[PDB]
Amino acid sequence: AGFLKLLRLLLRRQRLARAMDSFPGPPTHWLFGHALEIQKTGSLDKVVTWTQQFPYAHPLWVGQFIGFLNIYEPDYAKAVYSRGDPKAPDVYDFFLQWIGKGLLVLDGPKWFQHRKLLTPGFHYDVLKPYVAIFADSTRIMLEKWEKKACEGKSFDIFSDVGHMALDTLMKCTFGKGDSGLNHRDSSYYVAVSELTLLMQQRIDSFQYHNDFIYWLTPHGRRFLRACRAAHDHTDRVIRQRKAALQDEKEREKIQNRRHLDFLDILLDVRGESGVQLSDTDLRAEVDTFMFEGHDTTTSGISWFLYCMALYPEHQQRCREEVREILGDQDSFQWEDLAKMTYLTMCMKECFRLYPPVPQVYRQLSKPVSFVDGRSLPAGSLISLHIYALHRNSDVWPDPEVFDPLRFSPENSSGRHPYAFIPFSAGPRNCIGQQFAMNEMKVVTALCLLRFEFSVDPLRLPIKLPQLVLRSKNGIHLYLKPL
């Protein structure tokens, strides 16, 4: 009985280890594989030095039973991430208790169904009205920030940006009305923190990899408590909207619109979806999009404002660009976001050096041959290291240098299409990319018009992976009103 399970395990690792025989790599500890380096602070930068020692790719082991091929070169990236192979179950299985089998984790033709269902929810006609909402939520955040700034001390902006991103996500895509944040929404935010802290730690800690053992550890119990808290939040948001649509005034109003917001699509009002969702399939897409359409943009906004603080020259250039575009308008219009070409460049360079998602994974369903002759069989595990990809010395002159002009029209024409993929690429790219970009542009444009941002030399951020890219100590900045 149990004997089979242990043998199925030991065969898999000789399979994975032999398929990577073509690929030299760093030294393994006998028990931990590479885990003792990965768990060290700064390990993203350690992986970068590895990519210079080993071109294209190198193996990566958490504790001797699971072995990934870390990849970080554009042809290698493209060979795999253009194909739609499944997400790595060893990594993505951990998601299930929390966000379930929603879009992120699915892989079948069921994935294509949901992707087809949900993609019109991020069409630009659905997005145009969100610009006003981004502005309102940002205004609330900035009024808080104005009070903190005139106290003269630096403070962590990450959490305030998150509360704002969560509120705006819910007003846009989950039907929440103008009421704004409630103490129960903050409960949810805190729980996401615990979920991503713990699940990242689980990814890196091979002893927690087996389901049965993990749910008996304090770690796993803490995770399940947070999963309940996340589910109490999403059950509420679902019941709230179903009930709001029982009102005859609101229900007729939604039908009139050609374009439906994301939660209303899932609820299949108008019968148009033609695909019937289980109660749990819908709970999972809500869980999924409630993690995804806000934790990442919080990382992005916050690392950007840090990059503005580090580089006042570019900060001031962006401040001037957005000042002219707004002119005398009350608030930015959707049409205005395309004019923000220099803000966009700086934002792209921010995402090169501080990718909001630094690492994603796949398990191949078919073999793949790489531009240099090497190859892998089906069954093998891939680790796309977006962090080291964006820092690759054969692709990026002076990789550690912040230079927005790398994303001018001129210096972009030649560039390889898989060199810069912070929203991934291929069939499993980010469904929310244009949502994020428009949100982040409105938020940061308004931030720079109302404050000048300085770093704090005594508390510079330190990089911390937590599924999204966070900081060990927050993002502490000084703010000057204007």
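Don't overthink the numbering: it's just position in the shown sequence, from 1.
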item	value
Which of 351 to 359 and 250 to 258 has higher mean CA B factor, as the PDB entry lists it	250 to 258
Residue stretch of maximal mean CA temperature factor, 368 to 376 vs 192 to 200	368 to 376
Highest recorded Cα temperature factor - choice among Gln315, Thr296, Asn210, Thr173	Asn210
Top residue by Cα temperature factor, when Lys153, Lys87, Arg115, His183 are compared in the entry	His183
Chain-relative CA temperature factor third for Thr28	highest
Where the record places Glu73 (Cα B-factor, split into thirds across the chain)	middle
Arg428 - Cα temperature factor, lowest/middle/highest third of chain	lowest
Chain-wide C-alpha B factor ranking for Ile462, given as lowest, middle or highest third	lowest
Relative C-alpha B-factor of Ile66, binned into the chain's lowest, middle or highest third	highest
